[PDB]
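Note sheet for the following structure.
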Amino acid sequence: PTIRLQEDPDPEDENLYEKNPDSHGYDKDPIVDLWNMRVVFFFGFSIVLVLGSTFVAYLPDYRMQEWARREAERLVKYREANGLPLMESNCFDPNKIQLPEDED
Amino acid sequence: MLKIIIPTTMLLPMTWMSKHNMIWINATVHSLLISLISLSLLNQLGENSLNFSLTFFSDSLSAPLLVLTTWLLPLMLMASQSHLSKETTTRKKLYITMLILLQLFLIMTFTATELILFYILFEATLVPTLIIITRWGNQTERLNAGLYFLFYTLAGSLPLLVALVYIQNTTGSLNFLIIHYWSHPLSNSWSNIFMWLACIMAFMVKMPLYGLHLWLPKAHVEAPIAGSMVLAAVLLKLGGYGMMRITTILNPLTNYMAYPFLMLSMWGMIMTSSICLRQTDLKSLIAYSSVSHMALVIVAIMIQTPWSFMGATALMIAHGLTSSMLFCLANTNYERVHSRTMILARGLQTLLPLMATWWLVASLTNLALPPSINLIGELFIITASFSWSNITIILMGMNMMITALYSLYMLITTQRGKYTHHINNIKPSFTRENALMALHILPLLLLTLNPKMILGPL
Amino acid sequence: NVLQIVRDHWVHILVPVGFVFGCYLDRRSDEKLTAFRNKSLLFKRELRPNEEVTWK
Amino acid sequence: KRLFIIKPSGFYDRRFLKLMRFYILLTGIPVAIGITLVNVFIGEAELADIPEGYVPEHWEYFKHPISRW
Amino acid sequence: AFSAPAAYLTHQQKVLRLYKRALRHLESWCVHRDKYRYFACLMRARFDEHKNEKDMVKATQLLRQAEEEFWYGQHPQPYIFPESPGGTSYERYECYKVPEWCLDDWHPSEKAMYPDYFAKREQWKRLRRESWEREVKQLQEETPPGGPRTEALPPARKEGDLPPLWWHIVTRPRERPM
Amino acid sequence: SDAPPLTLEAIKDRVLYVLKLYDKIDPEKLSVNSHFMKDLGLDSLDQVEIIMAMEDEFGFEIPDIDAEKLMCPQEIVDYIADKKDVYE
Ligand SMILES: CCCCCCCCCCCCCCCCCC(=O)OC[C@H](COP(=O)([O-])OCC(O)COP(=O)([O-])OC[C@@H](COC(=O)CCCCCCCCCCCCCCCCC)OC(=O)CCCCCCCCCCCCCCCCC)OC(=O)CCCCCCCCCCCCCCCCC
Ligand SMILES: CCCCCCCCCCCCCCCCC[C@@H](O)O[C@H](CO[C@H](O)CCCCCCCCCCCCCCC)COP(=O)(O)OCC[N+](C)(C)C
Ligand SMILES: CCCCCCCCCCCCCCCCC[C@@H](O)O[C@H](CO[C@H](O)CCCCCCCCCCCCCCC)COP(=O)(O)OCC[N+](C)(C)C
Ligand SMILES: CCCCCCCCCCCC(=O)SCCNC(=O)CCNC(=O)[C@H](O)C(C)(C)COP(=O)(O)O
């Protein structure tokens, strides 16, 4: 037969615009296509994008940035009023630390 | 956090009970709703993590990754339904099932409190990816790609497993909170060196590290579009997340165990950027781009500074979005002309103007134009590397020059010049493709508007 | 006529129902970790004349 | 004379841009109006000392009405 | 650009091409018109001095020496016509050129404008469809058995024929499309 | 605006105008169909000069392979019209 096998020929690719000039590229069924477009646009842009951005923009300050700023303001005011240094090189009180007895 | 896990498990039978011509609509709608729900995880604290239960917790490092995963699922569904139109209903449902199972495994991986559960889920992600690649890939090379994808991973992860169980016999726990609080230094012995290597190599091969990256061009080129999207955007970040988790027990050994990996990352970043300059396949160029960006992320994780960790987090998120967008852009042209050769279809700006705008924006984000979060991550990593050693600015600097070049090269090859005369089948862009590009690109700039959400726990 | 509409679109409650069930299970999980409720040194507090527990 | 100018089809790109603008605005104009109305008629909370014996609710530790809600 | 090239250039063709190149570069050197005319007449005299050389070997040696002299004395920045391959407007309007087949993809609302133009387009497409097979048959007949040896194409010879492979030459976009 | 819409009559007029300013061609004896070599008795170098004069007149270049074939004013006019998309 000069052939190797019985096979279907490779078919040409279908253009969605032929049967539907305004086809949106979602489905060959025009109604299912239109509603796929509508749901993608409504739930992607209208709901998740804009409303999610608004929700994230107004998230309450659980990172405590403003609290930390106010605490630092109080600390700076007190330390500058009493003439103490603004910050100490030790963050732990040495009286609660017991060094080794001998260093030799 | 079962309020996110259970709806995906419900996506499964919802897909398998849907009418034959409503699978895509239902899957897309409920995937978008799940992403909206997962958006609430971004409310994080400044001191500790959100400890939901004994099994799951959310940090400031894993929450953006979860949001990216849940947002990527609907985009994958949108990108897949074009080339799967001729498929049977059962096989389409099986493909969607693979995507859903991958999302579930990733979601549970990013929030597991124990390292062995994390390992089990991080290996479980292998099966759906391999099935997708080897069943729905287009060319004969996909099979080989699958093998390269599998063993390269497993040869890294099998030692890690051993190390993990060994650690549990020594400290009594693999819970990450206990591991962090009860941390002890690693002495300088051969046993500790090999424990370090066992704990590091799996994540190294996942990034991937230069020299261990050969699986990635094969797997990311031979895969279908959704496979490439999820491989570039999320699955590469498993290595970075795991490394940033595991490095808490490796000090001070890392101080000198990082040198070969740092040298490999910097030089191979230069090398892969150079490789991008001479590439005939458009998908392979994007894959090697991913390799270069991940080399940057590896350097950031290895130098172990707060600025480097913030830069690594930002770079992972930005790269995920940008590389997924670039893969989709290349797939549009491939579906039009059925060939991946870059110089085949030229002058596409004359035929498709809006797609050319999408190409320009994607290539602009690839070269880290300020103030994109790509640039923020890159600059933070470069500053940390400069603190590590002033000479790094040379190599990093060279990278910044090469990247832009190849990026613009890609654009100039595809959009500019004159159109190919004999190609007469270039149809106007569909609404689906434009919506896909917009849903990729708009979150990038929105995140630029508020960058502290992707900067991590540091 | 709602029979055909229901049999065509009953798959649209699975994911919201899963969300509600996940919320319920998360509350149940929180119910099992109250061993230190109103007992930490930082947040220990005297009860109000009416309230029974500090959080649920 | 006036000659025909051969161009690619600009209908579909214009349609997509109009659809995207429509949906974004459809949800974002009410949001902007609501934000403006809330800001005008329900301002931000004023920082004050905790009165003796009072235990504030957690949402009372934030100042913007939308964040508090 | 329009004519099919031959397998090689002849001696006379090479001499004429060198003459044109030399005159153009001399004009590039001699900016003013009167000076250029003077030196161009001198160049023409120098060219036709050796016009009647019957020895071909000596003729090719003279041509070789002339080309070496030209390469030594060429203007490094010669004048180029703006639309010539080295000019400042060489491919300026290529981005405005759109192939005609794109019109097949216009939305019917876009085609609702310009009804007469699209009717004429349909007529042209019908003509091309009716002529193609006759063009192919004529090419099959006129081609030698060992394939074509040049890129020259035949004209139409029959009653209502069209010259084969005419569509993409006739429907060129334009020189100034938009 | 820009330059006027060149017509076939204008192209032919300018070509003949250039040719009648050539001292080697008799103006009266010249017609639009006169052959440069047969009718007018010119050689190849004169043809090269004529092609260059046409190029200077119309501000664009004619490649050598195309310029070799032009032998009468009508061929020059037709080549220029075809190049510049002149149909009227
Ligand atoms: C187009 C689509 C195509 C595709 C593109 C892609 C689109 C993607 C979108 C994705 C979704 C994005 C959603 C993001 C959510 C973010 C919302 C947010 O957080 O809002 C923040 C912010 C509101 O912050 P807030 O925390 O709510 O306010 C805190 C206070 O409690 C409030 O203070 P207050 O107590 O004073 O109350 C102020 C109140 C009232 O204030 C006033 O009334 C006073 C104003 C001055 C008037 C004074 C003179 C005028 C009257 C005199 C004459 C009448 C009186 C006498 C009568 C007789 C006449 C003689 O006004 C407001 O409430 C603020 C306006 C509300 C805007 C909310 C934005 C929501 C957008 C979400 C939708 C997204 C899509 C866009 C569609 C939106 C619709 C187009 O909104 C703003 O954007 C404000 C910006 C304006 C400030 C001035 C600009 C300064 C420029 C500096 C830079 C200079 C460099 C040059 C660059 C300039 C370029 C701009
Ligand atoms: C097509 C035509 C295009 C051009 C025409 C456009 C017309 C104009 C529209 C462009 C607007 C210009 C933008 C200028 C910025 C103004 C808004 C800004 O001020 O709001 C920011 C707020 O932006 C948001 O915070 C960022 C958006 C969050 C991004 C999340 C995206 C949604 C999820 C989608 C999927 C996720 C994928 C990625 C995974 C990581 C500031 O935040 P903040 O300084 O604090 O506010 C302080 C006061 N608060 C806190 C009380 C509110
Ligand atoms: C393709 C890319 C793959 C991924 C790349 C992975 C990178 C792995 C490289 C490992 C980095 C270092 C490993 C061990 C640290 C030091 C290694 C050694 O060379 O240093 C000296 C070690 O001394 C000598 O070199 C002894 C080692 C010589 C034998 C090792 C074989 C190396 C030859 C190269 C084989 C290629 C290996 C990779 C195969 C692919 C230091 O002297 P010393 O202080 O005493 O040893 C420190 C440990 N102590 C304290 C417990 C004693
Ligand atoms: C910018 C400065 C650089 C320029 C320097 C250039 C220097 C070169 C000057 C001298 C070059 C010569 O004379 S090279 C002398 C070459 N002589 C011959 O070949 C003799 C045989 N004759 C023929 O081939 C034809 O008659 C032909 C002459 C082609 C006429 O063509 P037609 O009659 O059929 O139109």
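Going through the structure tokens in order, the chains are called A, B, and so on, while each chain numbers its residues from 1 and the ligands are numbered from 1 in the order shown.
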Output the neighbourhood of ligand 3 as a PyMOL selection string, that is, all protein and nucleic acid residues with some atom at most 12 Å from the ligand, counting only C-alpha atoms and all ligand atoms.
-> chain B and resi 152+155-156+186-198+200-214+253-265+268
Requested in this report: Using only C-alpha atoms, select each residue of chain D with any atom at most 9 Å away from an atom of chain B, and give the selection as a list in words.
Outcome: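 For chain D, the answer reads residues 7, 8, 9, 10, 11, 12, 13, 15, 16, 17 and 20 of chain D.
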Q) Quick one: residues within 8 Å of stretch 39-46 of chain F, only C-alpha atoms counted, chain neighbours fewer than 4 positions away excluded, as a PyMOL selection string? A) (chain E and resi 16) or (chain F and resi 25+30+34-35+50)
Keeping N, CA and C atoms, export the residues of the selection given above as a PDB file, in the first residue's frame.
ATOM      1  N   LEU E  16      29.718  50.146 -16.647  1.00  0.00           N
ATOM      2  CA  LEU E  16      28.688  51.170 -16.491  1.00  0.00           C
ATOM      3  C   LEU E  16      28.350  51.407 -15.021  1.00  0.00           C
TER       4      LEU E  16
ATOM      5  N   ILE F  25      20.973  65.713 -27.905  1.00  0.00           N
ATOM      6  CA  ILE F  25      19.690  65.325 -28.479  1.00  0.00           C
ATOM      7  C   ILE F  25      19.071  66.549 -29.137  1.00  0.00           C
ATOM      8  N   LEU F  30      13.214  64.854 -31.301  1.00  0.00           N
ATOM      9  CA  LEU F  30      12.904  64.010 -30.155  1.00  0.00           C
ATOM     10  C   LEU F  30      11.401  63.821 -29.999  1.00  0.00           C
ATOM     11  N   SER F  34      11.079  57.815 -29.147  1.00  0.00           N
ATOM     12  CA  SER F  34      12.386  57.732 -29.785  1.00  0.00           C
ATOM     13  C   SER F  34      13.329  56.857 -28.969  1.00  0.00           C
ATOM     14  N   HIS F  35      13.989  55.919 -29.644  1.00  0.00           N
ATOM     15  CA  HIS F  35      14.969  55.058 -28.998  1.00  0.00           C
ATOM     16  C   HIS F  35      16.283  55.806 -28.825  1.00  0.00           C
ATOM     17  N   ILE F  50      21.698  60.054 -18.760  1.00  0.00           N
ATOM     18  CA  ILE F  50      20.273  60.364 -18.842  1.00  0.00           C
ATOM     19  C   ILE F  50      19.535  59.825 -17.622  1.00  0.00           C
TER      20      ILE F  50
END
Using only C-alpha atoms and all ligand atoms, find each residue with an atom at most 6 Å away from ligand 2 and format the answer as a ChimeraX atom specification.
/A:49,52-53,56-58 /B:64,67-68,71,443,446-447,449-450
Any chance you can output those residues with C-alpha atoms as an mmCIF file, in the first residue's frame?
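So part.cif came out as:
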data_model
loop_
_atom_site.group_PDB
_atom_site.id
_atom_site.type_symbol
_atom_site.label_atom_id
_atom_site.label_comp_id
_atom_site.auth_asym_id
_atom_site.auth_seq_id
_atom_site.Cartn_x
_atom_site.Cartn_y
_atom_site.Cartn_z
ATOM 1 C CA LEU A 49 -10.181 43.636 41.611
ATOM 2 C CA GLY A 52 -10.524 43.539 46.937
ATOM 3 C CA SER A 53 -8.288 46.569 46.448
ATOM 4 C CA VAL A 56 -6.934 45.742 51.347
ATOM 5 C CA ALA A 57 -6.534 49.534 51.324
ATOM 6 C CA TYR A 58 -8.658 49.890 54.477
ATOM 7 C CA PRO B 64 0.856 36.618 49.342
ATOM 8 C CA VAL B 67 -3.231 34.835 47.193
ATOM 9 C CA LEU B 68 -1.100 34.367 44.070
ATOM 10 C CA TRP B 71 -5.607 34.155 41.702
ATOM 11 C CA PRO B 443 -2.555 43.519 40.086
ATOM 12 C CA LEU B 446 -1.967 47.817 42.259
ATOM 13 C CA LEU B 447 0.638 46.033 44.401
ATOM 14 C CA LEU B 449 0.578 51.165 45.110
ATOM 15 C CA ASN B 450 0.921 49.281 48.445
#
Original post:
Residues within 8 Å of ligand 1 (only C-alpha atoms and all ligand atoms), as an MDAnalysis selection string?
Top reply: (chainID A and resid 45 49:58) or (chainID B and resid 442 446) or (chainID D and resid 20:22 24:25 27:33 35:40 43:44 64)
What would the file look like if the residues just selected were written as a compact mmCIF listing (two decimals), in the first residue's frame with N, CA and C atoms?
# COMPACT_ATOMS: atom_id res chain seq x y z
N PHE A 45 -13.11 41.79 37.42
CA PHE A 45 -12.86 43.22 37.57
C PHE A 45 -13.76 43.84 38.63
N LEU A 49 -11.16 42.57 41.79
CA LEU A 49 -10.18 43.64 41.61
C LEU A 49 -10.51 44.87 42.44
N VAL A 50 -11.62 45.54 42.13
CA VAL A 50 -11.91 46.83 42.76
C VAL A 50 -12.26 46.65 44.24
N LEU A 51 -13.17 45.73 44.54
CA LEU A 51 -13.59 45.55 45.93
C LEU A 51 -12.46 44.97 46.77
N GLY A 52 -11.67 44.06 46.21
CA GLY A 52 -10.52 43.54 46.94
C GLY A 52 -9.48 44.60 47.21
N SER A 53 -9.22 45.47 46.23
CA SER A 53 -8.29 46.57 46.45
C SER A 53 -8.80 47.51 47.53
N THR A 54 -10.10 47.80 47.52
CA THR A 54 -10.67 48.65 48.56
C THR A 54 -10.57 48.00 49.93
N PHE A 55 -10.83 46.69 50.00
CA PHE A 55 -10.74 45.97 51.27
C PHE A 55 -9.31 45.97 51.80
N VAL A 56 -8.33 45.76 50.92
CA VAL A 56 -6.93 45.74 51.35
C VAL A 56 -6.48 47.14 51.75
N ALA A 57 -6.95 48.17 51.04
CA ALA A 57 -6.53 49.53 51.32
C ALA A 57 -6.97 49.98 52.71
N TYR A 58 -8.12 49.49 53.19
CA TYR A 58 -8.66 49.89 54.48
C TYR A 58 -8.47 48.83 55.55
N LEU B 442 -2.83 44.35 35.81
CA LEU B 442 -3.36 45.31 36.77
C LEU B 442 -2.97 45.02 38.22
N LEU B 446 -1.24 47.63 41.01
CA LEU B 446 -1.97 47.82 42.26
C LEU B 446 -1.09 47.46 43.46
N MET D 20 -14.23 46.63 29.60
CA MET D 20 -13.43 46.71 30.81
C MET D 20 -13.71 48.00 31.57
N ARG D 21 -13.75 49.12 30.85
CA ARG D 21 -14.08 50.39 31.49
C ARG D 21 -15.46 50.33 32.13
N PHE D 22 -16.44 49.76 31.42
CA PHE D 22 -17.79 49.70 31.95
C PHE D 22 -17.84 48.93 33.26
N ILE D 24 -15.35 48.02 35.40
CA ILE D 24 -14.56 48.66 36.45
C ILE D 24 -15.32 49.85 37.03
N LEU D 25 -15.89 50.70 36.17
CA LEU D 25 -16.63 51.85 36.66
C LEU D 25 -17.91 51.43 37.37
N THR D 27 -18.55 49.00 39.20
CA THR D 27 -18.35 48.71 40.62
C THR D 27 -17.57 49.79 41.36
N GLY D 28 -16.83 50.66 40.67
CA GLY D 28 -15.95 51.59 41.35
C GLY D 28 -16.49 52.99 41.57
N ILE D 29 -17.55 53.35 40.87
CA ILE D 29 -18.18 54.65 41.08
C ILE D 29 -19.00 54.60 42.37
N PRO D 30 -19.83 53.57 42.60
CA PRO D 30 -20.48 53.46 43.92
C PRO D 30 -19.49 53.40 45.07
N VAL D 31 -18.36 52.73 44.90
CA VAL D 31 -17.37 52.64 45.97
C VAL D 31 -16.79 54.02 46.28
N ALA D 32 -16.45 54.79 45.24
CA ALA D 32 -15.92 56.13 45.45
C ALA D 32 -16.95 57.03 46.11
N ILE D 33 -18.21 56.95 45.66
CA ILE D 33 -19.27 57.76 46.26
C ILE D 33 -19.45 57.39 47.73
N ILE D 35 -17.23 56.02 49.77
CA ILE D 35 -16.07 56.48 50.53
C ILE D 35 -16.18 57.97 50.82
N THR D 36 -16.55 58.76 49.81
CA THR D 36 -16.68 60.21 50.02
C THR D 36 -17.79 60.53 51.01
N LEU D 37 -18.94 59.86 50.90
CA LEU D 37 -20.04 60.12 51.82
C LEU D 37 -19.68 59.73 53.24
N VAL D 38 -19.00 58.59 53.41
CA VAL D 38 -18.58 58.18 54.75
C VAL D 38 -17.59 59.18 55.32
N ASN D 39 -16.61 59.60 54.52
CA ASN D 39 -15.62 60.55 55.02
C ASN D 39 -16.26 61.87 55.41
N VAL D 40 -17.22 62.36 54.62
CA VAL D 40 -17.84 63.65 54.90
C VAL D 40 -18.73 63.56 56.14
N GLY D 43 -16.78 61.09 60.10
CA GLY D 43 -15.36 61.35 60.07
C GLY D 43 -14.56 60.26 60.76
N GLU D 44 -13.31 60.59 61.04
CA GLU D 44 -12.42 59.69 61.75
C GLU D 44 -12.56 59.90 63.25
N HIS D 64 -10.11 54.79 61.53
CA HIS D 64 -10.95 55.05 60.36
C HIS D 64 -12.23 54.22 60.43
- Item | Contact residues around stretch 5-18 of chain C with only C-alpha atoms at 7 Å, ignoring same-chain residues under 5 positions, as a list in words |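 Neighbouring residues, sequence-local ones excluded: residues 6, 7, 10, 11, 14, 17, 18 and 30 of chain B.
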May I have the residues from that selection written out with N, CA, C and O atoms, as an mmCIF file, in the first residue's frame?
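The resulting file, out.cif, is shown below:
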data_model
loop_
_atom_site.group_PDB
_atom_site.id
_atom_site.type_symbol
_atom_site.label_atom_id
_atom_site.label_comp_id
_atom_site.auth_asym_id
_atom_site.auth_seq_id
_atom_site.Cartn_x
_atom_site.Cartn_y
_atom_site.Cartn_z
ATOM 1 N N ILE B 6 -11.790 23.915 52.118
ATOM 2 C CA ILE B 6 -13.032 23.198 51.806
ATOM 3 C C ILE B 6 -13.677 23.672 50.511
ATOM 4 O O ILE B 6 -14.152 22.825 49.741
ATOM 5 N N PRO B 7 -13.760 24.973 50.205
ATOM 6 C CA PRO B 7 -14.338 25.373 48.907
ATOM 7 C C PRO B 7 -13.617 24.821 47.679
ATOM 8 O O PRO B 7 -14.267 24.593 46.655
ATOM 9 N N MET B 10 -14.715 21.425 47.260
ATOM 10 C CA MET B 10 -16.056 21.503 46.689
ATOM 11 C C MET B 10 -16.036 21.849 45.205
ATOM 12 O O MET B 10 -16.956 21.464 44.476
ATOM 13 N N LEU B 11 -15.027 22.596 44.753
ATOM 14 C CA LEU B 11 -14.839 22.792 43.318
ATOM 15 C C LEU B 11 -14.748 21.455 42.605
ATOM 16 O O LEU B 11 -15.219 21.310 41.471
ATOM 17 N N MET B 14 -18.261 19.899 42.112
ATOM 18 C CA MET B 14 -18.993 20.877 41.316
ATOM 19 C C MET B 14 -18.591 20.786 39.854
ATOM 20 O O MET B 14 -19.442 20.860 38.961
ATOM 21 N N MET B 17 -20.001 17.398 38.516
ATOM 22 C CA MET B 17 -21.451 17.330 38.391
ATOM 23 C C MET B 17 -22.020 18.378 37.447
ATOM 24 O O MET B 17 -23.240 18.435 37.271
ATOM 25 N N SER B 18 -21.176 19.205 36.838
ATOM 26 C CA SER B 18 -21.650 20.286 35.991
ATOM 27 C C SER B 18 -22.150 19.757 34.651
ATOM 28 O O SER B 18 -21.778 18.672 34.196
ATOM 29 N N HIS B 30 -16.308 30.292 40.598
ATOM 30 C CA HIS B 30 -16.040 29.897 41.974
ATOM 31 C C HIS B 30 -14.558 29.990 42.322
ATOM 32 O O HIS B 30 -14.218 30.235 43.485
#
Neighbourhood of ligand 4 at 7 Å, counting only C-alpha atoms and all ligand atoms, reported as a ChimeraX atom specification: /E:11-13,15-16,22,25-26,43,46-54,59-60,62-63,66-67,69-71,73-75 /F:43-45
Dump N, CA and C atoms for the selected residues as an mmCIF file, in the first residue's frame?
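Below is the file that was written, again-v1.cif:
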data_model
loop_
_atom_site.group_PDB
_atom_site.id
_atom_site.type_symbol
_atom_site.label_atom_id
_atom_site.label_comp_id
_atom_site.auth_asym_id
_atom_site.auth_seq_id
_atom_site.Cartn_x
_atom_site.Cartn_y
_atom_site.Cartn_z
ATOM 1 N N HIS E 11 30.977 42.381 -18.657
ATOM 2 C CA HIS E 11 32.016 43.398 -18.520
ATOM 3 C C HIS E 11 31.452 44.799 -18.727
ATOM 4 N N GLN E 12 30.598 44.968 -19.740
ATOM 5 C CA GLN E 12 29.998 46.271 -20.003
ATOM 6 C C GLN E 12 29.138 46.730 -18.832
ATOM 7 N N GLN E 13 28.372 45.810 -18.241
ATOM 8 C CA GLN E 13 27.548 46.156 -17.088
ATOM 9 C C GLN E 13 28.403 46.624 -15.919
ATOM 10 N N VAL E 15 31.412 47.957 -16.087
ATOM 11 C CA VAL E 15 31.984 49.257 -16.423
ATOM 12 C C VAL E 15 30.959 50.365 -16.207
ATOM 13 N N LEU E 16 29.718 50.146 -16.647
ATOM 14 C CA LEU E 16 28.688 51.170 -16.491
ATOM 15 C C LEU E 16 28.350 51.407 -15.021
ATOM 16 N N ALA E 22 31.238 56.144 -9.632
ATOM 17 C CA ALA E 22 32.290 57.149 -9.613
ATOM 18 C C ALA E 22 31.717 58.546 -9.777
ATOM 19 N N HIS E 25 29.956 59.566 -6.453
ATOM 20 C CA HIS E 25 30.888 59.915 -5.384
ATOM 21 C C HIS E 25 31.643 61.202 -5.699
ATOM 22 N N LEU E 26 31.948 61.444 -6.976
ATOM 23 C CA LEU E 26 32.585 62.699 -7.353
ATOM 24 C C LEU E 26 31.658 63.880 -7.100
ATOM 25 N N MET E 43 36.006 63.112 -16.017
ATOM 26 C CA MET E 43 35.846 61.687 -15.746
ATOM 27 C C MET E 43 35.314 60.943 -16.966
ATOM 28 N N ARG E 46 38.149 60.498 -19.330
ATOM 29 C CA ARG E 46 39.023 59.441 -18.837
ATOM 30 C C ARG E 46 38.406 58.064 -19.063
ATOM 31 N N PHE E 47 37.077 57.971 -18.988
ATOM 32 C CA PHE E 47 36.408 56.691 -19.192
ATOM 33 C C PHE E 47 36.429 56.274 -20.657
ATOM 34 N N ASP E 48 36.133 57.197 -21.568
ATOM 35 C CA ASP E 48 36.081 56.845 -22.981
ATOM 36 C C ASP E 48 37.444 56.911 -23.661
ATOM 37 N N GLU E 49 38.504 57.255 -22.925
ATOM 38 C CA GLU E 49 39.849 57.168 -23.484
ATOM 39 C C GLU E 49 40.186 55.735 -23.885
ATOM 40 N N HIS E 50 39.870 54.770 -23.020
ATOM 41 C CA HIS E 50 40.141 53.360 -23.277
ATOM 42 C C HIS E 50 38.901 52.596 -23.721
ATOM 43 N N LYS E 51 38.011 53.238 -24.477
ATOM 44 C CA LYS E 51 36.769 52.598 -24.895
ATOM 45 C C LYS E 51 36.981 51.573 -26.004
ATOM 46 N N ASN E 52 38.021 51.732 -26.817
ATOM 47 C CA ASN E 52 38.225 50.926 -28.017
ATOM 48 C C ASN E 52 39.367 49.929 -27.848
ATOM 49 N N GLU E 53 39.467 49.318 -26.672
ATOM 50 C CA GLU E 53 40.488 48.313 -26.409
ATOM 51 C C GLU E 53 39.958 46.944 -26.821
ATOM 52 N N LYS E 54 40.567 46.358 -27.853
ATOM 53 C CA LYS E 54 40.151 45.051 -28.342
ATOM 54 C C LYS E 54 40.652 43.904 -27.478
ATOM 55 N N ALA E 59 41.432 45.125 -20.795
ATOM 56 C CA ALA E 59 40.228 45.818 -20.348
ATOM 57 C C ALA E 59 39.882 45.458 -18.908
ATOM 58 N N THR E 60 39.935 44.166 -18.568
ATOM 59 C CA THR E 60 39.632 43.778 -17.194
ATOM 60 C C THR E 60 40.706 44.250 -16.224
ATOM 61 N N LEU E 62 42.356 47.086 -16.557
ATOM 62 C CA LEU E 62 42.024 48.496 -16.373
ATOM 63 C C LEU E 62 40.836 48.662 -15.435
ATOM 64 N N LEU E 63 39.821 47.808 -15.578
ATOM 65 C CA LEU E 63 38.673 47.865 -14.680
ATOM 66 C C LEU E 63 39.083 47.575 -13.241
ATOM 67 N N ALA E 66 40.836 50.595 -11.866
ATOM 68 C CA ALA E 66 39.862 51.650 -11.622
ATOM 69 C C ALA E 66 39.065 51.392 -10.348
ATOM 70 N N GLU E 67 38.683 50.140 -10.099
ATOM 71 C CA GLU E 67 37.938 49.837 -8.879
ATOM 72 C C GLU E 67 38.809 50.005 -7.639
ATOM 73 N N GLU E 69 41.270 52.178 -7.386
ATOM 74 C CA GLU E 69 41.350 53.623 -7.206
ATOM 75 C C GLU E 69 40.065 54.178 -6.604
ATOM 76 N N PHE E 70 38.911 53.678 -7.054
ATOM 77 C CA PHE E 70 37.646 54.135 -6.493
ATOM 78 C C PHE E 70 37.558 53.820 -5.010
ATOM 79 N N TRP E 71 37.943 52.604 -4.615
ATOM 80 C CA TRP E 71 37.856 52.252 -3.203
ATOM 81 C C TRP E 71 38.806 53.095 -2.368
ATOM 82 N N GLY E 73 39.659 56.248 -3.128
ATOM 83 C CA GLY E 73 39.233 57.635 -3.152
ATOM 84 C C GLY E 73 37.750 57.884 -2.960
ATOM 85 N N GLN E 74 37.019 56.891 -2.462
ATOM 86 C CA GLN E 74 35.586 57.042 -2.261
ATOM 87 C C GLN E 74 35.295 58.038 -1.142
ATOM 88 N N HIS E 75 34.155 58.704 -1.254
ATOM 89 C CA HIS E 75 33.695 59.562 -0.169
ATOM 90 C C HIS E 75 33.198 58.702 0.986
ATOM 91 N N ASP F 43 25.220 56.252 -27.019
ATOM 92 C CA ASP F 43 25.823 55.030 -26.509
ATOM 93 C C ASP F 43 25.422 54.817 -25.046
ATOM 94 N N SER F 44 26.038 53.824 -24.398
ATOM 95 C CA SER F 44 25.614 53.420 -23.060
ATOM 96 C C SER F 44 25.930 54.484 -22.012
ATOM 97 N N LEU F 45 27.073 55.161 -22.144
ATOM 98 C CA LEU F 45 27.438 56.192 -21.176
ATOM 99 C C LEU F 45 26.435 57.340 -21.188
#
Atom CA of residue C:36 sits from atom CA of residue A:64 at a separation of 23.5 Å
Could you list, as number ranges by chain, every residue within 9 Å of residue A:39, counting only C-alpha atoms and ignoring same-chain residues fewer than 6 positions away? B: 25, 28-29
Expected answer as an MDAnalysis selection string: chain A residues within 6 Å of chain B, only C-alpha atoms:
chainID A and resid 24:25 36 48 62:63
Exercise answer, chain D residues close to chain C, 10 Å and only C-alpha atoms, as a list in words: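 Result: residues 53, 54 and 55 of chain D.
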Task: Length of the atom CA of residue F:86 to atom CA of residue F:11 vector [Å] - done: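 Those two atoms sit 9.5 Å apart.
The list of residues with at least one atom within 12 Å of residue D:59, based on only C-alpha atoms and without residues fewer than 6 positions apart in the same chain, reads residues 59, 60, 61 and 62 of chain A; 45, 65, 66, 67, 68 and 69 of chain D.
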Query raised in the report: Within 10 Å of residue F:17, counting only C-alpha atoms, which residues qualify if same-chain residues fewer than 5 places away don't, as a list in words?
Result: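 What passes the distance filter is residues 11, 12, 22, 27 and 57 of chain F.
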